[PDB]
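First up is the structure itself, then whatever we jot down about it.
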Amino acid sequence: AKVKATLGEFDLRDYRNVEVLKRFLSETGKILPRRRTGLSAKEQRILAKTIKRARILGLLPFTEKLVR
Amino acid sequence: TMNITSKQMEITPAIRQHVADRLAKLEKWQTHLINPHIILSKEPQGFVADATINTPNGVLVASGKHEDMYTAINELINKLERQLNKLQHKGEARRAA
Amino acid sequence: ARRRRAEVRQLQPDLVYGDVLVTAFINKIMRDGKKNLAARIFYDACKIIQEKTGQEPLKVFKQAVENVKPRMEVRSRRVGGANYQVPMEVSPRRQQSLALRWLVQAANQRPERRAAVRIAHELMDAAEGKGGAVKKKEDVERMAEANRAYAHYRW
Amino acid sequence: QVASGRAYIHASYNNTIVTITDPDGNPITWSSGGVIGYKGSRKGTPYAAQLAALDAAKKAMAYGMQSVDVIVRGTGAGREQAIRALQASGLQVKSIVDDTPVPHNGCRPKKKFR
RNA sequence: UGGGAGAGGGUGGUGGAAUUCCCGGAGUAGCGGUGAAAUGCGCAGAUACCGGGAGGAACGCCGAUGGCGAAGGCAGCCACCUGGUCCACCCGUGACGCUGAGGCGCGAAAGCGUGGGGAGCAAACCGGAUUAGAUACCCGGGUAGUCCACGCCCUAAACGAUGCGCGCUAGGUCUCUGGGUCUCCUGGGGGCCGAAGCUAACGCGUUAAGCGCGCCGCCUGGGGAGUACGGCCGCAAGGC
Ligand SMILES: [Mg+2]
Ligand SMILES: [Mg+2]
Ligand SMILES: [Mg+2]
Ligand SMILES: [Mg+2]
Ligand SMILES: [Mg+2]
Ligand SMILES: [Mg+2]
Ligand SMILES: [Mg+2]
Ligand SMILES: [Mg+2]
Ligand SMILES: [Mg+2]
Ligand SMILES: [Mg+2]
Ligand SMILES: [Mg+2]
Ligand SMILES: [Mg+2]
Ligand SMILES: [Mg+2]
Ligand SMILES: [Mg+2]
Ligand SMILES: [Mg+2]
Ligand SMILES: [Mg+2]
Ligand SMILES: [Mg+2]
Ligand SMILES: [Mg+2]
Ligand SMILES: [Mg+2]
Ligand SMILES: [Mg+2]
Ligand SMILES: [Mg+2]
Ligand SMILES: [Mg+2]
Ligand SMILES: [Mg+2]
Ligand SMILES: [Mg+2]
Ligand SMILES: [Mg+2]
Ligand SMILES: [Mg+2]
Ligand SMILES: [Mg+2]
Ligand SMILES: [Mg+2]
Ligand SMILES: [Mg+2]
Ligand SMILES: [Mg+2]
Ligand SMILES: [Mg+2]
Ligand SMILES: [Mg+2]
Ligand SMILES: [Mg+2]
Ligand SMILES: [Mg+2]
Ligand SMILES: [Mg+2]
Ligand SMILES: [Mg+2]
Ligand SMILES: [Mg+2]
Ligand SMILES: [Mg+2]
Ligand SMILES: [Mg+2]
Ligand SMILES: [Mg+2]
Ligand SMILES: [Mg+2]
């Protein structure tokens, strides 16, 4: 069920695109591992950097409670 | 109570009592020294002091060898101390996990 | 023991009731392999429990057995630096044994002078939930109940 | 008196405390391994959490409590058991959210935790 | 001349999680802590829960057998200043090279001076346990310090226990980062397994501990001893 697949062409450096980005967060809000995003090394680094900027802006969470 | 055997040797009540005095070093650990037995013997190369003692947590069995009888009695005591202390503290060894 | 489980010995039924259990309980009355005497005392007791209570030895005895069966017990297991009393369910084999052992034991703590009487009585009292044997079961059962907290520590 | 509220389960390796609040967050009642009757390390067990969650929920129901939201903090033994008990209590349990606090590498832990 | 990756370095800003303390609320009989306890805290209202505030410190997930640096080391995010390095083009210089006694610089932590700062942690220190005893380990406290600026100290299992540069000697596989005709090939880096060969063995093996040249540093039985004396450095501790 790798995320990279379930999306079309997108910008990895685009930090305002919350709708794309928010899919790479665990339901707890954490940045997802390479094994779940299907990203390579080089791309995954660009991801994490722009997710972090995004949380700074208010668009993405730093943490989310776990519901059951 | 404490019993001493002198095998193929003549020993004095003095030497006997000196053994009681060295053995008391074991009372340090504060546990019941039950029917301790000391055996003294003269091998070709020096004297031998053997002892067998039961305590609530086990048995002390050990033997000293030295050209000098007094020195062997002491080496006996060391071996006995080490065993007795190993008895008294080995149980504490695994309170975690 | 170490290799495979133990096999419960099948007892020979008693010739006054054909009952596997009266056998076992006889045996627990037996000192020094003197089984005949052990039967006498038992059977004598039954005579008594018939006389003093007009109903069946067998029916009575079998109750005082069910009433002394411990359902739970504590068995010890050192964890860390404490010896915990763990609560455990008792297998019916052990339940029986305990019941029989205790019945005899409780009875032999009684003051009446003749072995036959004491048995008769302990059984009477236990069929009615009274007496040392039942008291052993409750102590044992309370003990296990109290230690309910350590139930997950069980093997 | 209030019909719906919150149930917080503070579950640590030594203990379980459960406090029941109102919807706004203010406590109505609370219990723990200590209140249910144990001292020492027994407070930390699942059976401890159980009596604590029951006795906590039971006292609440007598204030008219009926539905609760369950909040869980800690990774103690008697955690999951504490949750069982709230469900089995006679209380509704609309939700169960785990909000255990974890730092994003903050203060240096005590030595025992390194 | 085009490009690239990176926790490389310095400065300035700046975000959320958590801990602590304070304020407000609500609530009551315990909390905490261990192998089990006790000290400790708590009806003078603690713990647990909600809202507000204060302050310092470290940046969870991403995160890796990853990356960068000569080493020590370097990790939230943003901008500025700045080093190293790799690739492609095969355009310029024309042996301008290698190493390097001295010298100079940098150098974890602890420590030191002057001034800040101080939430958490914590040498010393108090107390509770454990224990035969327990100047410890475990528990409750706790001051330097840990943090910032500036100046010192100059050590280390500062390790790959492996000095630097060059050339030569099978490959297999995993990986980071480039450039391709992008199946695959070609560089630069990080691991594993191995040809030859080495090696006392263990193991090493195009990241050599193989085969060779250059230069440097070092060893020559254990202890005494990294001690003494001397000299040089240092505020001292102490260093060479
Ligand atoms: Mg012998
Ligand atoms: Mg015994
Ligand atoms: Mg009895
Ligand atoms: Mg506890
Ligand atoms: Mg308050
Ligand atoms: Mg009052
Ligand atoms: Mg608050
Ligand atoms: Mg040219
Ligand atoms: Mg050079
Ligand atoms: Mg030099
Ligand atoms: Mg330094
Ligand atoms: Mg420092
Ligand atoms: Mg310092
Ligand atoms: Mg200072
Ligand atoms: Mg002390
Ligand atoms: Mg003491
Ligand atoms: Mg102490
Ligand atoms: Mg301490
Ligand atoms: Mg502290
Ligand atoms: Mg303080
Ligand atoms: Mg000072
Ligand atoms: Mg000082
Ligand atoms: Mg190393
Ligand atoms: Mg290196
Ligand atoms: Mg060296
Ligand atoms: Mg050199
Ligand atoms: Mg060399
Ligand atoms: Mg490549
Ligand atoms: Mg390419
Ligand atoms: Mg490197
Ligand atoms: Mg390579
Ligand atoms: Mg690496
Ligand atoms: Mg190899
Ligand atoms: Mg070979
Ligand atoms: Mg290779
Ligand atoms: Mg060699
Ligand atoms: Mg020498
Ligand atoms: Mg010196
Ligand atoms: Mg030195
Ligand atoms: Mg000098
Ligand atoms: Mg040196």
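Simple scheme: letters A, B, ... for chains in structure tokens order, numbers from 1 for residues in each chain, numbers from 1 for ligands in the order shown.
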Would you please give, as a ChimeraX atom specification, all residues of chain A that DSSP assigns to strand (DSSP E or B) based on the backbone? /A:25,31,66-67
Please check the contacts: residues of chain C at most 9 Å away from chain B, using only C-alpha atoms, listed as a tab-separated table (two decimals) with N, CA, C and O atoms, in the first residue's frame.
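Saved file part-v5.tsv follows:
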chain	number	residue	atom	x	y	z
C	79	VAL	N	9.48	-14.65	42.52
C	79	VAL	CA	9.79	-13.71	41.45
C	79	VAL	C	10.70	-12.64	42.02
C	79	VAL	O	10.44	-12.11	43.11
C	80	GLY	N	11.78	-12.34	41.31
C	80	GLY	CA	12.71	-11.36	41.83
C	80	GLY	C	13.23	-11.76	43.21
C	80	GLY	O	13.73	-12.87	43.44
C	81	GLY	N	13.08	-10.83	44.15
C	81	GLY	CA	13.58	-11.03	45.49
C	81	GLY	C	12.49	-11.29	46.52
C	81	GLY	O	12.74	-11.21	47.74
C	82	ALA	N	11.29	-11.62	46.04
C	82	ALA	CA	10.20	-11.98	46.95
C	82	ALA	C	9.62	-13.35	46.57
C	82	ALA	O	9.55	-13.69	45.38
Looking only at helix (DSSP H, G or I) from DSSP on the backbone, list the matching residues of chain A as an MDAnalysis selection string. chainID A and resid 18:24 34:37 41:57
What do you get as number ranges by chain if you pick all residues at most 12 Å from ligand 37, counting only C-alpha atoms (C1' of nucleotides) and all ligand atoms? E: 220-225
Find the residues in chain A near chain E: any atom within 12 Å counts, using only C-alpha atoms (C1' of nucleotides). Write them as number ranges by chain. A: 24-37, 39-58, 60-64
Hey, can you spit out that residue selection with C-alpha atoms as a short mmCIF file (atom, residue, chain, number, x, y, z; two decimals), in the first residue's frame?
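Below is the file part34.cif, written as the result:
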data_model
loop_
_atom_site.label_atom_id
_atom_site.label_comp_id
_atom_site.auth_asym_id
_atom_site.auth_seq_id
_atom_site.Cartn_x
_atom_site.Cartn_y
_atom_site.Cartn_z
CA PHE A 24 2.93 10.80 4.51
CA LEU A 25 2.10 11.27 8.20
CA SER A 26 1.23 8.36 10.43
CA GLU A 27 -2.19 8.70 11.97
CA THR A 28 -0.22 9.74 15.04
CA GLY A 29 1.22 12.55 12.94
CA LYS A 30 4.76 11.25 12.57
CA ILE A 31 6.71 11.44 9.29
CA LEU A 32 6.38 7.98 7.71
CA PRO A 33 9.39 5.62 7.18
CA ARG A 34 10.82 4.94 3.71
CA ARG A 35 9.18 1.49 3.80
CA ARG A 36 5.73 3.09 3.83
CA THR A 37 6.28 6.14 1.59
CA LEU A 39 10.46 7.12 -1.43
CA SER A 40 14.12 6.75 -2.28
CA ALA A 41 16.80 8.23 -0.02
CA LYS A 42 17.28 11.44 -2.00
CA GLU A 43 13.59 12.19 -2.23
CA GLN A 44 12.67 11.25 1.36
CA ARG A 45 15.12 13.86 2.63
CA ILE A 46 13.42 16.53 0.56
CA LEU A 47 10.09 15.33 1.93
CA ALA A 48 11.00 15.50 5.59
CA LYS A 49 12.48 18.95 5.16
CA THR A 50 9.33 20.36 3.56
CA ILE A 51 7.00 18.62 5.99
CA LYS A 52 8.95 20.21 8.81
CA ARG A 53 8.64 23.67 7.23
CA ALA A 54 4.98 23.01 6.80
CA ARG A 55 4.41 22.17 10.47
CA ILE A 56 6.11 25.42 11.19
CA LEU A 57 3.54 27.24 9.06
CA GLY A 58 0.56 25.60 10.81
CA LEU A 60 0.77 20.16 9.29
CA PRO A 61 0.71 18.85 12.89
CA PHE A 62 3.68 18.08 15.10
CA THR A 63 1.77 15.35 16.84
CA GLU A 64 -1.72 13.85 16.92
#
